[PDB]
Amino acid sequence: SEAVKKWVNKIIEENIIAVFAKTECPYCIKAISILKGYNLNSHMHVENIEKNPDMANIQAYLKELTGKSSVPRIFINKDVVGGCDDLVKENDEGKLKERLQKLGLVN
């Protein structure tokens, strides 16, 4: 489905912070909360891929793009961050704040 790919791509391109998630997902919630802690809301979009008829195609494409089909899947300016553990590593090690500084999202 070129349509599935185009829809996912549009989500990743039109939003600097893009998070694919699902219903009742503790690590989705944690990742999203961490990102909102940097006051990124205005440039963040969260898509619930579970409430979607094409979840399997979406997940397969996210795997093609990032290496894993699990949620959360996190992109920042089209760059793959990965999952919540990846985000936590970047945050703890200073990489996340660096990313956001380069994009003018934090001072």
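Going by the authors' numbering, the letters in the sequence shown line up with residues 5 to 111, in that order.
Every residue gets a Cβ at the ideal spot worked out from N, C-alpha and C, and that includes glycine.
Exposure of residue i, with buried meaning 16 or more beta-carbon neighbours within 10 Å
| i | result |
| --- | --- |
| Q105 | exposed |
| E51 | buried |
| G71 | exposed |
| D83 | exposed |
| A22 | buried |
| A60 | exposed |
Sequence-distant residues of its chain with Cβ nearer than 8 Å to residue i (five each side left out)
| i | result |
| --- | --- |
| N95 | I38, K101 |
Residues near residue i by beta carbon distance below 6 Å, same chain, minus five either side
| i | result |
| --- | --- |
| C88 | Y31, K34, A35, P76 |
Sheet register partners of residue i (DSSP bridge)
| i | result |
| --- | --- |
| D83 | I80 |
| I15 | The partner list for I15 (beta bridge, DSSP) is empty, contrary to what the question assumes. |
Tell me, please, whether the stretch 6–15 touches the stretch 25–45 by the rule of three or more beta-carbon pairs shorter than 8 Å. no
In the stretch 27–84, which residue ranges form an unbroken alpha helix (DSSP H) of at least 4 residues, counting only runs that do not cross its ends? 30–40, 59–70
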